[PDB]
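Take a look at the structure set out below.
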Amino acid sequence: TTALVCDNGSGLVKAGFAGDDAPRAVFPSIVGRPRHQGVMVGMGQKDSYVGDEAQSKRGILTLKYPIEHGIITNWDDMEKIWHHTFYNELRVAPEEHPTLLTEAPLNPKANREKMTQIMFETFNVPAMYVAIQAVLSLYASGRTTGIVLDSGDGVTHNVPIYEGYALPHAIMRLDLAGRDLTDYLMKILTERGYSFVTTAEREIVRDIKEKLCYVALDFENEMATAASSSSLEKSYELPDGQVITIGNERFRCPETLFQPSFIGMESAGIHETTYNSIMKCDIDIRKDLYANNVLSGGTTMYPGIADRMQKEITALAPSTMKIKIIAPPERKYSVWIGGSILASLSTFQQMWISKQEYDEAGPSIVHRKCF
Amino acid sequence: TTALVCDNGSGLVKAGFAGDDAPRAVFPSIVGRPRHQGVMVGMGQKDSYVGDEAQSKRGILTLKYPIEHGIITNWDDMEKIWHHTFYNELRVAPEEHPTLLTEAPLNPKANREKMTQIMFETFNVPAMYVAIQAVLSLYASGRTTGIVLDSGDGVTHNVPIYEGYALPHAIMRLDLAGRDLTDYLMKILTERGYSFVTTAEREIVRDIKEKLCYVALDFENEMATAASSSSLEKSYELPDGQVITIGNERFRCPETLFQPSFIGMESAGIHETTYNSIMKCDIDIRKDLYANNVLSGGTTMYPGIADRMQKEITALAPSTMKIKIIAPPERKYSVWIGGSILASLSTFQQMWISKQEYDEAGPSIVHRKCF
Amino acid sequence: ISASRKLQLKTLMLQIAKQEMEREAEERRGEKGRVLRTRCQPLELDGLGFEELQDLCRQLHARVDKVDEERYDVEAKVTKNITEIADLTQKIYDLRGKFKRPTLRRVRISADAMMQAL
Amino acid sequence: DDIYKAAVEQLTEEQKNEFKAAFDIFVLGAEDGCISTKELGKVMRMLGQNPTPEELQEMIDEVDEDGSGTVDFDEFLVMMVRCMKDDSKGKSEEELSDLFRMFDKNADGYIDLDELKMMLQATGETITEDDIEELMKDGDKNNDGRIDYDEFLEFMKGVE
Amino acid sequence: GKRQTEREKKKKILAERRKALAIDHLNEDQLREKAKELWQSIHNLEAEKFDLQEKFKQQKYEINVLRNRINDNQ
Ligand SMILES: Nc1ncnc2c1ncn2[C@@H]1O[C@H](COP(=O)(O)OP(=O)(O)O)[C@@H](O)[C@H]1O
Ligand SMILES: Nc1ncnc2c1ncn2[C@@H]1O[C@H](COP(=O)(O)OP(=O)(O)O)[C@@H](O)[C@H]1O
Ligand SMILES: [Mg+2]
Ligand SMILES: [Mg+2]
């Protein structure tokens with residue numbers, strides 16, 4: 001039979017059968033209970049709208065993501081999300097399909113063990129396998145080397161790989177991602193008068209960020225230009241009218257990636273953690289990693305980031321090496337495409353964690369040889 | 001058995017069995033004791049004529065409404081009105097019929113508790129339920145969202161509802177209604193020479209208001225036109241002859257709705273309390289409320305109000321949203337039609353306040369789960 | 001186009017549909033019996049010694065546990081699927097028939113000829 | 001063809017009250033019961049009955065084609081009784097959906113015309129002007145290339 | 001993951017809450033009767049299992065119907 005390539009993610013759940021080009025169903029991972037009282041009788045009001053249904057009734061819900069930073073903080077809601085994904089968005093019972101979840105690097109063990117225990121006890125799948133979210137993104141590019149920066153919505157991690165041999169001592173995981181950029185944008189919009197507070201209006205700020213923000217090639221020059229002319233002010237229409245005008249908030253929101261001091265984080269930007277991740281590698285594979293830097297994940301879709309990052313790394317790196325940044329147009333679904341490719345391989349067909357194996361060793365089987 | 005859908009109202013009591021199209025008996029709610037001495041013996045003169053009987057002998061009575069502004073100020077008279085409604089206008093003993101009263105929003109608790117205590121002790125009904133007068137008017141329109149402006153004769157209230165979930169923090173109740181318009185019309189008629197003082201002549205002024213007054217599309221232009229031409233002066237024949245001619249009093253009486261400063265009230269008109277009630281709602285359901293504005297209640301029957309209100313709201317609202325005002329021809333009985341529909345539902349059949357429940361918790365049961 | 005055969009055609013279609021429903025019920029029952037026989041083998045109770053009964057009932061009890069697991073699984077499945085079907089049916093009705101539930105009325109009946117009585 | 005015909009052959013007094021009321025409205029005695037379809041519809045709307053002009057116009061297009069303006073008692077009574085809602089609510093919606101899913105073998109989210117033709121020929125009924133394309137004409141509302149159970153209701157709702 | 005109640009119920013039904021029955025401890029006639037009871041219970045319950053599979057069929061039919069209706073209407 002065919003395998004189910006699910007990809008929990010944090011912000012958008014992407015799923016679909018193995019062997020295709022794009023995920024079949026992509027929908028936000030939010031579960032929102034209603035918060036008001038409700039007076040109409042017999043309206044058929046449910047107790048929790050999940051997935052894309054709660055992005056249409058969000059006016060009277062309190063949306064809450066069940067995955068904070070890669071890790072899962074609310075297991076009941078995550079179980080509800082998985083149940084919805086299997087039964088309503090794909091309509092395939094899990095009793096007859098292997099599953100291939102994905103997990104960020106350096107995550108707590110208990111999260112992974114609970115994930116496998118749920119998949120084997122509640123949904124009762126035949127066999128499931130957990131894979132690191134960066135190796136798949138390297139599969140999708142058709143490479144076999146390269147250092148991949150997978151800046152998702154929950155957590156940004158940077159896994160270097162050479163000739164198929166991952167370097168476990170050079171993984172640099174940073175917890176700045178799309179959600180923190182949304183919060184920072186929502187916080188700097190208040191400097192013009194627009195106040196978004198409700199958890200429903202966070203979605204509106206996310207839409208503003210997606211449609212308007214861009215990464216500046218040079219930050220100081222843009223700050224000077226936006227403060228003199230008015231060629232940058234782009235307007236946007238809220239879900240009820242009252243258009244708003246975003247000035248130099250456009251390139252200040254995604255600039256947080258390269259200067260995490262804006263949101264008070266100490267660490268260095270995504271332009272310098274890649275160079276540090278390279279320098280921890282051996283001295284003889286640094287040229288190949290320099291030449292095959294891969295971008296993935298949703299948050300790396302800002303217009304103009306593949307040039308800013310290249311300029312920064314070229315500034316840091318030695319002058320002789322060639323710096324090349326692979327930015328495929330299908331960046332958002334790169335991890336899932338790689339997952340489909342991996343699940344479609346014949347050599348991989350014996351790596352699944354078969355159910356009888358789980359019955360013999362318990363949920364701690366995932367840390368064992370079947371990784 | 002069938003349920004009795006009574007609707008106390010303030011000015012007209014509307015009642016009838018559940019499941020029909022129109023109330024069976026509609027009659028003014030006035031109780032008038034005779035005031036003169038009376039010399040004929042054996043004429044069979046009663047001590048209080050209630051309902052529609054006191055609108056024919058009103059020449060020698062002192063009519064007094066038992067409901068001032070939604071609240072009930074004279075419980076003995078209200079009990080008399082209910083007794084008349086049950087026994088003479090419907091001729092069904094209440095011992096064998098559930099009842100569904102209606103109550104304005106934000107009313108004193110003691111009023112509701114006394115109402116249920118009367119219905120359970122004096123009339124001894126099997127089960128009664130109290131419902132908010134705006135949710136029913138939303139039932140009758142066949143919608144499930146929308147913000148309903150129910151401008152009755154006692155009190156005007158504006159309850160917004162979305163997807164069946166009422167928003168309790170956005171109810172704007174204003175105490176200007178048909179009765180204050182009658183008093184203001186009676187007060188401005190004195191500018192031509194016609195003086196109505198007696199409580200019986202208030203009924204004549206009410207008839208004048210119903211038959212002649214209309215809401216102007218633009219107030220200043222109408223004031224200028226009525227002051228130059230004479231195309232507006234419509235005449236009306238009193239109950240004894242001596243026709244009267246109403247000039248620009250025609251559109252000045254109902255204009256008080258949009259400018260409550262005429263009768264000295266501070267608050268804003270019904271055109272601006274609706275917009276304020278909308279703006280208190282969440283940012284994502286404002287479009288639906290804009291598109292589904294519902295009118296109900298008797299006082300919204302003035303010829304030309306559904307255009308004036310739409311013009312005013314379109315002036316206030318953002319230019320992109322579409323403003324639509326639902327004004328069904330059966331506006332007056334909209335609340336009662338909705339009450340019939342609600343009482344005819346199967347899902348609602350277990351929400352009644354059964355008598356044994358009242359015996360166990362006292363009259364304060366109404367504030368509890370059985371709302 | 002005559003309204004004459006509308007009644008005959010709809011009655012004939014109702015008869016055909018009823019025959020189809022009863023036939024489907026009968027064939028479902030027969031298939032269920034066959035699947036039951038091939039799953040739970042028919043009970044043999046002849047010439048059996050007590051030890052043979054002990055062993056057979058032990059096998060039956062192990063099978064009882066196994067099939068109880070199977071059936072509580074399919075019972076949770078059917079419960080969840082029924083709930084989901086009801087929810088989606090009500091959602092579909094809301095999208096389509098919510099505007100029509102109020103329209104269910106018994107109106108314009110008495111007041112039509114109850115105006116001159118006053 | 002036969003349902004209202006049977007009902008008239010067993011003429012009930014409840015309907016007979018209105019029938020004879022409209023008769024004395026029409027026939028004043030020793031008449032042939034002409035009662036033209038135009039006049040019949042006029043009176044049907046007049047005497048407080050169902051004011052549906054559609055059935056009246058159907059009769060007018062259908063009756064008094066003789067050129068004498070007279071309307072025989074048989075068809076006049078048939079159209080009077082069928083003007084009123086004579087149906088047992090057309091069975092049950094869920095039950096009829098099961099009937100149609102037994103009818104519909106494709107289960108492609110709808111049912112195609114050919115399945116309807118198969119069921120119709122299984123019924124074994126006579127064919128007339130309301131055949132062949134009348135179902136096609138009525139059911140092709142949005143012309144979705146199919147006759148769904150919802151489309152089948154739109155064509156001939158209230159199947160009894 | 002706060003479906004501990006759900007999966008704990010699953011395990012309880014499959015192992016504990018099932019008719020966990022000591023059966024091979026009975027008189028010859030008694031043990032035969034108990035075996036007959038087990039056999040009948042399996043038969044009736046698997047008939048119910050077939051019924052649930054048929055309900056899965058009907059639910060899938062209605063799912064397909066709803067999908068087609070949604071697509072045609074939107
Ligand atoms: N076109 C875009 N432009 C800018 N940011 C985007 C765009 N699309 C998505 N994002 C950001 O990326 C996030 C989605 O990232 P995604 O790759 O789905 O995370 P995950 O790894 O959990 O799947 C969104 O929250 C959004 O903030
Ligand atoms: N046709 C009409 N035109 C103008 N005003 C009307 C009309 N009918 C009723 N009214 C006003 O509405 C009042 C009746 O309102 P109603 O809806 O009966 O109040 P309640 O909510 O108490 O039932 C009357 O007092 C009258 O002033
Ligand atoms: Mg990701
Ligand atoms: Mg009212």
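All residue names refer to the structure tokens as shown: chains lettered A, B, ... in order, residues numbered from 1 in each chain, ligands numbered from 1 in order.
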Can you pull out every residue within 10 Å of residue A:143, counting only C-alpha atoms, but drop anything in the same chain fewer than 6 positions away, and send it as a ChimeraX atom specification? /A:137,162-164,292,294
Got a sec to pull out which chain C residues are within 9 Å of chain B, counting only C-alpha atoms, and send them as a PyMOL selection string? chain C and resi 98-111
Write out as a VMD selection string each polymer residue (protein, DNA or RNA) that has an atom no more than 6 Å from ligand 2, with only C-alpha atoms and all ligand atoms counted. chain B and resid 9 to 12 152 to 154 178 206 210 297 to 299 301 to 302 332
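Atom CA of residue D:56 is positioned 16.9 Å from atom CA of residue D:23.
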Interface list for chain B, partner chain A, 10 Å threshold, only C-alpha atoms, as an NGL selection string: :B and (131-132 or 135-136 or 138-139 or 144-145 or 161-169 or 281-288 or 290 or 317-321 or 342 or 345-348 or 351 or 371)
Using DSSP on the backbone coordinates, identify all residues within stretch 14-171 of chain A classified as alpha helix (DSSP H); present the result as an MDAnalysis selection string. chainID A and resid 75:84 109:121 133:140
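Distances here use only C-alpha atoms; by that measure, the residue among E:20, E:28, E:63, E:33 closest to chain A is E:63.
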In stretch 123-341 of chain B, what's strand (DSSP E or B) per DSSP? Answer as a ChimeraX atom specification? /B:127-132,146-151,156-162,165-166,172-174,234-238,241-246,293-296,325-326
Residue hits in chain C, query chain D, radius 9 Å, only C-alpha atoms, as a PyMOL selection string: chain C and resi 1-18+20-21+24+112-113
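In this model, the gap between atom CA of residue B:228 and atom CA of residue B:305 comes to 24.1 Å.
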Within 9 Å of chain C, which residues of chain E are there when counting only C-alpha atoms? Please give them as JSON, numbers by chain. {"E": [10, 13, 14, 15, 18, 19, 20, 21, 22, 23, 24, 25, 26, 27, 28, 29, 31, 32, 34, 35, 36, 38, 39, 40, 41, 42, 43, 44, 45, 46, 47, 48, 49, 50, 51, 52, 53, 54, 55, 56, 59, 60, 62, 63, 66, 69, 70]}
Do you know which residues are at most 9 Å from residue B:29 counting only C-alpha atoms, after dropping those on the same chain fewer than 2 positions away, and could you put them as a ChimeraX atom specification? /B:8-13,27,31,50-52,64-67,78,81
Counting only C-alpha atoms, chain D residues within 7 Å of chain E, as a PyMOL selection string: chain D and resi 107-110
Can you spit out the residues from that selection as a tab-separated table (two decimals), in the first residue's frame, using N, CA and C atoms?
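The resulting file, part32.tsv, is shown below:
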```tsv
chain	number	residue	atom	x	y	z
D	107	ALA	N	-22.30	5.80	-7.03
D	107	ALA	CA	-21.93	6.44	-5.77
D	107	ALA	C	-20.82	7.47	-5.98
D	108	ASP	N	-20.94	8.23	-7.07
D	108	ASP	CA	-19.95	9.23	-7.45
D	108	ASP	C	-20.29	10.61	-6.92
D	109	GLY	N	-21.00	10.68	-5.80
D	109	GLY	CA	-21.52	11.93	-5.30
D	109	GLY	C	-22.83	12.35	-5.93
D	110	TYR	N	-23.36	11.56	-6.85
D	110	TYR	CA	-24.61	11.85	-7.52
D	110	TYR	C	-25.12	10.57	-8.16
```
Please report, as CSV, each residue of chain E lying at most 9 Å from chain A, together with the nearest pair of atoms and the separation in Å rounded to one decimal; use only C-alpha atoms, and order rows by chain and ascending residue number.
```
residue,atom,partner,partner_atom,distance
E:1,CA,A:75,CA,3.0
E:2,CA,A:76,CA,4.3
E:3,CA,A:76,CA,5.1
E:4,CA,A:76,CA,8.3
E:6,CA,A:122,CA,7.8
E:7,CA,A:122,CA,5.9
E:10,CA,A:122,CA,7.8
E:11,CA,A:121,CA,8.5
```
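Atom CA of residue B:89 lies 13.8 Å from atom CA of residue B:49.
Residues in contact with residue D:143 at up to 12 Å, not including ones fewer than 5 positions away on its chain and judged by only C-alpha atoms, are residues 112, 113, 136, 137, 138, 148 and 151 of chain D; 72 of chain E.
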Grab the residues selected above and save them as a PDB file, in the first residue's frame with C-alpha atoms.
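And here's part11.pdb as it stands now:
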```
ATOM      1  CA  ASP D 112     -26.599   9.695 -13.583  1.00  0.00           C
ATOM      2  CA  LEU D 113     -29.619   9.687 -15.872  1.00  0.00           C
ATOM      3  CA  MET D 136     -34.523  15.853 -19.038  1.00  0.00           C
ATOM      4  CA  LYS D 137     -36.154  19.266 -19.400  1.00  0.00           C
ATOM      5  CA  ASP D 138     -37.033  19.609 -15.713  1.00  0.00           C
ATOM      6  CA  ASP D 148     -28.748  13.588  -8.338  1.00  0.00           C
ATOM      7  CA  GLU D 151     -31.827  16.851  -8.576  1.00  0.00           C
TER       8      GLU D 151
ATOM      9  CA  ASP E  72     -21.153  21.802  -6.903  1.00  0.00           C
TER      10      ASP E  72
END
```
